[PDB]
Amino acid sequence: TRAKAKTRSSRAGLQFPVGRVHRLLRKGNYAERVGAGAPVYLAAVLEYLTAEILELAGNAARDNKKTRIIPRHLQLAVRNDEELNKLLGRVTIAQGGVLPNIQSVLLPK
Amino acid sequence: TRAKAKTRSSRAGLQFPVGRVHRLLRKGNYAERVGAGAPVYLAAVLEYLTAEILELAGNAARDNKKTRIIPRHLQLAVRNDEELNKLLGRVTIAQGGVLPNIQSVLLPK
Amino acid sequence: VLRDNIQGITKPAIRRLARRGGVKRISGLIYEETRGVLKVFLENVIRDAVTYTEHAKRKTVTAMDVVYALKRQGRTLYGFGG
Amino acid sequence: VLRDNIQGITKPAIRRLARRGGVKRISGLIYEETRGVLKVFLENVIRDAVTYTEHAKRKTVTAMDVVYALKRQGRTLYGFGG
Amino acid sequence: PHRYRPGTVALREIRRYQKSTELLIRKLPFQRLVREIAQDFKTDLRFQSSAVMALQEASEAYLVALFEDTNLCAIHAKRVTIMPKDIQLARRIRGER
Amino acid sequence: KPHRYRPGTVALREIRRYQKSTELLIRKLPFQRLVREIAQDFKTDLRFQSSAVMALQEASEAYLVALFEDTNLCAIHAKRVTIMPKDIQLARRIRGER
Amino acid sequence: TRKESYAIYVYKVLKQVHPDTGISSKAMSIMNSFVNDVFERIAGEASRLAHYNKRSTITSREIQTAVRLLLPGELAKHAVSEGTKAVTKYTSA
Amino acid sequence: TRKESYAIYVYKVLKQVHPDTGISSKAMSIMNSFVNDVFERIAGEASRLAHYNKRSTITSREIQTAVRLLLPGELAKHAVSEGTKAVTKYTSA
DNA sequence: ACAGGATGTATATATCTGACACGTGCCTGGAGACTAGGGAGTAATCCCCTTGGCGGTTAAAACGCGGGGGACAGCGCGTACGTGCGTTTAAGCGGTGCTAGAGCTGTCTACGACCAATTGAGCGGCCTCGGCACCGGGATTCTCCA
DNA sequence: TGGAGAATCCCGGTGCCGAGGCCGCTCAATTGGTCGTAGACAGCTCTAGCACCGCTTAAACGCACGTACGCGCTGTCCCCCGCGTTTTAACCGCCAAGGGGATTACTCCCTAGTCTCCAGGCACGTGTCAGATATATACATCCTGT
C-alpha cells in the first residue's frame with residue numbers, strides 16, 4: 001500500500017539529478033556527515049551555469065549560420081565575455097583557436 | 001604482568017613523534033584506512049627537512065657574530081640556496097628583508 | 001565617518017620603498033599609480049577577510065581570517081599563527 | 001635508439017606559430033631559443049607522466065596520466081576524457 | 001613581372017592563420033621527438049594514440065601565448081622585429097626563470 | 001664655497017642603507033585609518049584585533065617591493081634610467097594581473 | 001561496463017534554451033569536464049570551510065559561503081538567488 | 001586550555017646540529033608554520049593519488065610517490081633514502 | 001694623473017635590563033593485549049590495439065638571388081629632477097577609565113545514519129536520414145605603378 | 001588620380017557518414033521505521049578593544065639653483081622578405097602477429113574496535129646573561145683645484 005514514487009528533482013523543480021549528487025558527496029571524503037539541503041543548492045548552481053554558457057554558445061553558432069555547436073563556438077562565447085573569461089582564466093580548450101586582433105602600430109600607412 | 005612501554009619513535013630511532021602523526025592522519029579526512037608504515041616515513045622526511053634548514057640558518061647566524069637565530073638569518077639561508085628557494089617560491093617571511101644587489105648599469109664610471 | 005585617507009601615503013614613504021627595490025631615479029607621476037594599485041590590492045584582500053569573519057557569526061576580525069584570505073589567493077605568510 | 005630529432009621542428013612551422021601569435025618580422029636567431037624552450041617544457045611534463053604510469057604497475061602511457069600531469073602544474077585541459 | 005611590397009603577405013598570413021583552428025606541426029617528427037625524450041626516464045615504453053595528441057595541443061597553446069608576450073615586449077622598445085632578449089625578459093618577468 | 005655632492009651619490013647610499021635593514025617604512029596611524037575606511041563599505045560597526053593590521057601591512061609592503069623591482073627591470077630594457085608609468089603597466093600586464 | 005556522464009541533462013537544458021539546435025560529441029566532452037571541475041572546486045572549498053570552525057557536517061550555509069568566495073560579480077548574486085529559491089520550494093513540498 | 005606545537009622536537013634537532021646556539025620565539029613560530037605546510041601538502045597529494053587507483057588505504061608507496069612528485073632534485077633522493085632506512089629499522093624491532 | 005680637506009663609517013670599551021632557559025606538579029592521551037571480518041594478492045583466461053613492413057603520389061621543405069627598409073650610432077637643445085636649508089605639523093609615548101563581546105558550562109531534542117523490500121530510469125545496442133564537405137563557375141575588391 | 005591584375009567571396013548541385021530516436025533490462029534510487037548523539041539555546045566571567053589628554057621632537061613641507069638626462073633629427077649599411085626550381089620525406093591504404101590490459105574466483109593476513117593504566121608533555125615561577133645603548137678613535141671615500 002505504498003504511495004508510488006517521486007524523484008527529489010521533481011519536488012525541487014530542477015533538471016539535474018539530486019540523488020546522484022548526494023551519493024557523490026557522501027563518498028568523496030569531504031566530511032563525516034552531509035545535510036539534507038546541500039544537494040539541491042549544488043544542483044541549482046550547476047544548472048544555472050550550464051544554461052548561461054549554452055545560451056551564449058548557441059547565439060554564436062546561429063551568428064555563424066550553422067545549426068550545430070562545435071568547440072570554436074564555445075571558445076568564442078567564453079573569451080568574448082568578461083565574468084566567464086575571469087572564471088576560466090587558466091583553462092585550455094582543444095580545437096579552440098584564438099580571437100582575431102592586430103596591434104595598431106603594425107598596420108600600413 | 002605487562003612489559004612496561006616503549007614509544008614507537010624509540011623503535012624507529014627518530015626524534016619526531018609517531019603516535020601524534022598517526023592520530024592526525026586518521027582524523028583529517030584523507031582516506032578510509034591508514035596503514036602501519038606511513039607515519040614513520042612522514043616523520044623521517046619532516047625531521048630531515050628541519051635539520052637541513054636549521055643547519056644553514058645556524059651557519060649564517062655564526063657568520064654574523066651572534067649566538068641566537070632571528071628571522072633575518074632564516075631569510076638569508078633560504079634565499080641563498082637553490083633547492084630551498086625553489087621549494088619556498090611563493091612564501092613571505094615576516095621581518096625578513098631582501099638580498100643586496102645592484103644592477104651594473106647604475107654604478108658610477 | 002572617515003574620508004580622504006589615501007593621501008596619508010606620502011611620497012617619502014614611496015621613495016623609501018623604491019630605494020629598497022633598487023631604483024635610482026623616479027619620475028613625477030608614479031605616486032598616483034602606486035596609490036591606485038595599493039587600494040585595489042587592499043580591497044581584494046579585505047573582502048574575503050570580512051566574508052570569513054561573517055560566516056562564523058562574529059563582530060571582530062582576527063589574524064587567522066587574514067591568513068586564510070591571503071593563502072586563498074596564493075600568497076602564503078609565515079609568522080602570525082597559522 | 002633515436003637521436004637528433006629536435007631538428008625536425010623546421011623554421012616554417014615556427015613561422016606559422018609566430019603568425020598565429022601576431023608577429024610581423026622575425027630575427028634570425030629565434031629558432032634555437034624556441035627549440036630549447038620546447039625541450040624544457042616537454043621534459044618537465046613527461047617526467048611526471050611517467051611517474052604516474054609507473055605507480056600503477058603498467059607499461060603503457062595513457063591519456064589520463066598526461067591530463068593529471070598537466071593539471072598538477074596549473075594547466076588544465078578540456079577534451080581528452082577527464 | 002608583378003611583386004608585392006615587403007609586409008603585405010605577412011599581414012595576409014596573420015589573418016589567415018588567426019581565422020583557423022588546425023595544428024601547425026607535422027605529426028611523425030613530433031612523435032619521434034616525444035619517444036626519444038621519454039627514453040631516458042624508462043626503457044621499453046608504449047604510448048596510446050591520444051596521449052601524443054594531448055601533448056601536441058598543450059605544447060602549441062603554450063608556444064602561441066609565449067610569442068604574444070614576446071611581441072608586446074618587443075613593441076615596448078620602439079621596434080618591429082623580435083629578438084631573443086624579448087623572450088628572455090618575458091620568461092623572467094613571468095617567473096619561469 | 002660650501003660642500004655639495006654630485007646628483008646620484010646619496011641615492012646609492014640610501015639604496016645600500018635600506019637594503020641592509022629589515023624594518024617597516026610606512027607610518028602606522030594613517031595605514032590603520034585607511035584600512036578602517038576601506039572596510040567600512042562591506043560591513044558597518046567592525047572591530048579589529050591588533051595583529052591583523054600588522055599582517056596586512058607586512059603583505060602590502062612585500063608586494064610593493066616586488067612590483068618595483070620588476071618595474072626597474074622593464075625600465076632598463078628600454079635604455080633608460082628613470083621609471084615611468086608605462087613600465088608599471090607593462091609589468092602588471094605581462095604578469096597576468098590585467 | 002557502465003559509465004556515467006551528464007549528457008542527458010545538458011541536452012535537456014539545451015532544448016529548453018534553444019528549441020532547435022544540435023551539438024557534436026567533442027562539445028559534449030568539454031561540457032562534461034567543465035561540470036566536473038566546478039563540482040570539485042566548490043566541494044573542496046566547503047570541506048575546508050567546515051574544518052576551520054570545528055564542525056562535522058556540511059549544510060547549505062557552507063555551500064552559500066563557498067559560492068560567494070568562488071564566483072565573481074553578478075554570477076554569485078544570481079546563483080545565490082537560484083539556490084535559495086530551489087531550497088525554499090523543496091522544503092514546502 | 002591545551003595547545004600543541006612542534007617546539008620540543010625542533011629544539012632537540014637544533015641541539016643535535018649546533019650544540020651551543022639559541023633561538024627566539026618568532027623563528028619558532030616560522031618553523032612551526034613551515035612544518036604544518038609541508039605536512040598538509042604531502043597528505044593531500046597522497047590522498048588524491050590513492051583515490052585515482054580505486055583503493056581505500058594509505059601506505060608507504062603513496063608517501064614515497066608523493067615525495068617524488070613534490071620535492072625537486074637531490075632533496076627527493078635523500079628523503080627517500082632516509083624514509084626507507086627508518087621503515088626498515090622499525091620493522092626489524 | 002695627484003694633494004689635500006671634509007664627511008661618513010667601522011672599531012673598541014663600559015652600564016643596564018628583560019627575555020630565554022630550566023625546574024616542578026599534574027592529567028590525559030598513547031601503549032599493551034585481545035577478537036572479528038573483509039580488502040587485496042595471486043593464478044588463469046580472453047581478445048583488443050599497438051608495432052612493424054611495403055608501395056605510390058603529391059604537398060611541403062630546402063636553395064639561391066635581388067633589393068629596400070629598418071636597426072643603430074652620433075649630435076644638439078631644453079627642462080625637470082636631485083640636493084640643501086628654514087619653518088610647521090602631527091606621530092609616538094605614557095597614563096586613566098569603561099564596557100562590549102569572546103569564551104566556557106549545562107540541558108535537551110530533532111536530525112541524520114542504518115536496514116529491508118520494491119520498481120522504474122538510464123545505459124548499451126541498432127537503424128536511418130539530412131547537415132555539411134566538396135567541386136565548379138561567375139562577381140567583387142584591394143594593391144601597385146604610370 | 002586611373003587601369004591591370006591577383007585574391008577573395010558568393011551560389012548551385014552530389015553524396016556520405018555521424019547524430020538522433022527506439023527497445024530491453026538491470027541495478028541503483030525511493031519508502032517506511034528505529035536510535036543515539038551533534039548542535040542549538042541560556043547564562044556568567046573576565047580580557048582586551050576603544051576614547052581622551054599632555055608633551056617632546058622627528059619627520060613632512062615649501063623654496064631656490066643648476067646640471068645631467070630624455071627626446072628629436074640625420075645618415076649609412078646590412079639583413080630579412082618575396083619568388084622561382086629542384087629534391088626529400090610525409091601521408092594514405094593494406095596486411096600480419098603478438099604483448100599486455102581487463103575480468104573472475106579463492107583465501108588469508110592486516111586493520112578497526114574495546115578496556116586498562118601510567119608516563120610524556122603542558123602551564124606556571126625564577127634568575128641570569130646576551131644584547132641594546134653611549135662615547136672616543138681611526139680609517140675610507142669623494143670632489144675641486146693643480
Side-chain angles (χ1 to χ4, degrees), chain A residues 2-8 17-20 22-23 26 32-36 66-68, chain B residues 2-8 17-20 22-23 26 33-36 66-68, chain C residues 10-12 25-28 58-60, chain D residues 10-12 25-28 58-60, chain E residues 1-10 12 26-29 46-49 78-81 83, chain F residues 2-11 13 27-30 47-50 79-82 84, chain G residues 1-5 8 11 22-25 55-57, chain H residues 1-5 8 11 22-25 55-57:
Chain A
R2 293 167 53 172
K4 204 176 298 181
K6 294 178 54 56
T7 62
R8 291 187 267 179
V18 176
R20 179 179 295 188
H22 195 238
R23 174 179 59 83
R26 271 195 286 98
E32 180 176 331
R33 328 175 86 201
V34 176
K66 296 296 183 57
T67 167
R68 277 211 264 269
Chain B
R2 293 167 53 172
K4 204 176 298 181
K6 294 178 54 56
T7 62
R8 291 187 267 179
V18 176
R20 179 179 295 188
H22 195 238
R23 174 179 59 83
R26 271 195 286 98
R33 328 175 86 201
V34 176
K66 296 296 183 57
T67 167
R68 277 211 264 269
Chain C
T10 61
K11 37 170 306 181
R25 262 177 70 104
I26 309 178
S27 176
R58 277 190 280 97
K59 303 178 182 179
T60 304
Chain D
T10 61
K11 37 170 306 181
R25 262 177 70 104
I26 309 178
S27 176
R58 277 190 280 97
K59 303 178 182 179
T60 304
Chain E
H2 180 82
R3 290 187 61 95
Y4 284 107
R5 313 272 298 282
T8 304
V9 188
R12 185 151 68 241
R26 314 265 65 93
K27 293 183 171 56
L28 265 57
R46 305 161 86 92
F47 288 83
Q48 282 189 349
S49 183
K78 303 179 179 303
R79 277 190 285 98
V80 192
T81 312
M83 298 194 299
Chain F
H3 180 82
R4 290 187 61 95
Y5 284 107
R6 313 272 298 282
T9 304
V10 188
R13 185 151 68 241
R27 314 265 65 93
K28 293 183 171 56
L29 265 57
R47 305 161 86 92
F48 288 83
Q49 282 189 349
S50 183
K79 303 179 179 303
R80 277 190 285 98
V81 192
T82 312
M84 298 194 299
Chain G
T1 309
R2 298 299 182 84
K3 299 180 183 304
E4 298 177 344
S5 59
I8 313 180
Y11 204 84
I23 190 175
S24 61
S25 49
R55 297 297 179 84
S56 56
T57 318
Chain H
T1 309
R2 298 299 182 84
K3 299 180 183 304
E4 298 177 344
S5 59
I8 313 180
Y11 204 84
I23 190 175
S24 61
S25 49
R55 297 297 179 84
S56 56
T57 318

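The figures that follow rest on heavy atoms only: side chains count, while hydrogens, waters and symmetry mates do not. Convention: sequence-line order gives letters A, B, ...; per-chain numbering from 1.
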Trainee: Any chance CZ of C/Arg58 has more than 12 other-residue heavy atoms, nucleotides or ligands included, within less than 6.0 Å?
Mentor: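 Above 12, so yes.
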Trainee: For DNA chain I, report each stem as range with range, ordered by first number, or say none. Use Watson-Crick or G-U wobble pairs under 3.5 Å, at least 3 in a row.
Mentor: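 The stems that DNA chain I takes part in, listed by first number, are I:1-7 with J:140-146, I:9-57 with J:90-138, I:62-86 with J:61-85, I:92-100 with J:47-55, I:102-146 with J:1-45.
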Trainee: I want to confirm an ordering. Mapping A/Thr7 and H/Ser25 to their closest nucleotides on DNA chain I, which one lands closer to the 5' end?
Mentor: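 Its nearest nucleotide being more 5', the pick is H/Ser25.
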Trainee: Check E/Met83 against D/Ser27 and note the closest heavy-atom contact, atom names and distance.
Mentor: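 Residues E/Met83 and D/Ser27, closest heavy atoms: CG-CB, 4.3 Å.
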Trainee: Heavy atoms only: give me the nearest B/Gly19-B/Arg8 pair and the separation to one decimal.
Mentor: CA-NH2, 3.8 Å
Trainee: Looking at CD1 of G/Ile23 and CZ of A/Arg68, how far apart are the two atoms once the value is rounded to the nearest 0.5 Å?
Mentor: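 It is 11.0 Å, given to the nearest 0.5 Å.
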Trainee: Rounded off to whole Å, could you give me the CD1-to-P distance for the H/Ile8 and J/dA119 pair?
Mentor: 18 Å
Trainee: Enumerate all atom pairs, one protein N or O and one N or O from nucleotides 78-84 of chain J, separated by less than 3.5 Å.
Mentor:
residue	atom	partner	partner atom	Å
J/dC81	OP1	D/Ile26	N	3.4
J/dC81	OP2	D/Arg15	NH1	3.4
J/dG82	OP1	E/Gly7	N	3.0

Trainee: Rounding to an integer number of Å, can you tell me how far H/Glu4 CD sits from J/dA123 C1'?
Mentor: 14 Å
Trainee: Polar-atom pairs under 3.5 Å, protein N or O versus N or O of nucleotides 21-23 of chain J: list them with distances, or write none.
Mentor:
none

Trainee: Between I/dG125 and I/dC48, how far is it from one P atom to the other, in whole Å?
Mentor: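 Here I/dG125 and I/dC48 have their P atoms 12 Å from each other.
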Trainee: When you check the sign of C1'-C2'-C3'-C4' for J/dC22, do you get north or south?
Mentor: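 Negative torsion, so south.
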Trainee: I'd like the P distance from I/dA1 over to I/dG74, given in whole Å.
Mentor: 22 Å
Trainee: If you walk 5' to 3' along DNA chain I, what is the first nucleotide with an atom under 4.0 Å of a heavy atom in chain H, and what is the last?
Mentor: I/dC20 to I/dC104
Trainee: Nearest heavy-atom pair of E/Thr81 and D/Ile26: which atoms, and what distance?
Mentor: CG2-C, 3.7 Å
Trainee: When rounded to the nearest Å, what value does the distance between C1' atoms of J/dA42 and J/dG121 take?
Mentor: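 Straight-line distance between the two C1' atoms is 36 Å.
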Trainee: Could you check B/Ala5 against A/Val18 and say which one's nearest nucleotide on DNA chain J is further toward the 5' end?
Mentor: A/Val18
Trainee: Specify the residue among E/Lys78 and E/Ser49 whose closest nucleotide of DNA chain I lies further upstream toward the 5′ end.
Mentor: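 Nearest-nucleotide comparison on DNA chain I picks E/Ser49.
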Trainee: Whole angstrom is fine here: how far is it from NZ in A/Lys6 over to P in J/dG32?
Mentor: 13 Å
Trainee: Side chain to side chain contact (heavy atoms under 4.5 Å, CB included) with D/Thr60: which residues, sequence neighbours excluded?
Mentor: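 Counting only residues at least two positions away or on another chain, D/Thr60 forms a side chain to side chain contact (heavy atoms under 4.5 Å, CB included) with E/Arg46, E/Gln48.
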Trainee: In this structure, how many angstroms lie between the P atom of J/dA19 and the CD1 atom of G/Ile23, rounded?
Mentor: 10 Å
Trainee: Mapping E/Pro29 and G/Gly22 onto DNA chain J by nearest heavy atom, which one lands closer to the 5' end?
Mentor: G/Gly22
Trainee: What one-letter contact string describes nucleotides 96-117 of chain J from 5' to 3', where B marks a base within less than 4.0 Å of any protein heavy atom, S marks contact via sugar-phosphate atoms alone, and - marks no contact?
Mentor: ----SS-S-------SS---BS
Trainee: Between F/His3 (NE2) and J/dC142 (P), how many Å, whole number?
Mentor: 11 Å
Trainee: Give a yes/no answer on whether the side chain of G/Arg2 brings an N or O atom under 4.0 Å of OP1 or OP2 in J/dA28.
Mentor: no
Trainee: Any base atoms under 4.0 Å from G/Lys3, or only sugar-phosphate, or nothing? Heavy atoms, all strands.
Mentor: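 Sugar-phosphate: the residue G/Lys3, judged by heavy atoms under 4.0 Å, touches backbone atoms but no base.
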Trainee: Check every strand shown and say whether B/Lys4 touches a base, only sugar-phosphate, or nothing at a heavy-atom separation below 4.0 Å.
Mentor: sugar-phosphate
